[PDB]
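K.L.:
Shown below is the structure under consideration.
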Amino acid sequence: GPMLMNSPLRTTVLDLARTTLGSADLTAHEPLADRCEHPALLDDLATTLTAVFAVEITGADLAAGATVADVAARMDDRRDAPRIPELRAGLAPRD
């Protein structure tokens, strides 16, 4: 898939997922809306994703079945896209 073996983004997604969704064991592919017994917090997660990954994904899309491997794949896609010129991309884009 469009993922990297060591994702600095996904690592944190997997961490804040268990925190915001309100579950104990959050694994890589967990349907977030399914694991949460208080799904209203899905909006909190999405709002969190702004400051944390510089890319937000609104509840309707996030809760649609985007797991840590899915949401973060888009995050690394953002980092795959031209990042701040101070070498924040890692993956240099070819336009």
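Naming works like this for the structure tokens: A, B, ... for the chains as they're shown, residue 1 at the start of each chain, ligands 1 onward in shown order.
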In chain A, what's helix (DSSP H, G or I) per DSSP? Answer as number ranges by chain?

P.N.:
A: 8-21, 32-35, 39-53, 59-62, 68-80

K.L.:
Kindly indicate which residue among A:47, A:12, A:23, A:58 lies nearest to residue 72 of chain A, using only C-alpha atoms for the distances.

P.N.:
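Of the candidates, the smallest distance to residue 72 of chain A is held by A:12.
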
K.L.:
So the first atom is atom CA of residue 22 of chain A and the second is atom CA of residue 45 of chain A; what is the distance between them in Å, to one decimal place?

P.N.:
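Here the two named atoms are 10.5 Å from each other.
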
K.L.:
Would you work out the distance separating atom CA of residue 93 of chain A from atom CA of residue 64 of chain A, expressed in Å to one decimal?

P.N.:
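It comes out at 29.0 Å.
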
K.L.:
Using only C-alpha atoms, can you tell me which of A:51, A:8, A:57, A:67 comes closest to residue 35 of chain A?

P.N.:
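Distance minimum relative to residue 35 of chain A lands on A:67.
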
K.L.:
Excluding residue 56 of chain A and any residue of its chain fewer than 6 positions from it, enumerate the residues within 8 Å of it, using only C-alpha atoms, and give them as a PyMOL selection string.

P.N.:
chain A and resi 46-50
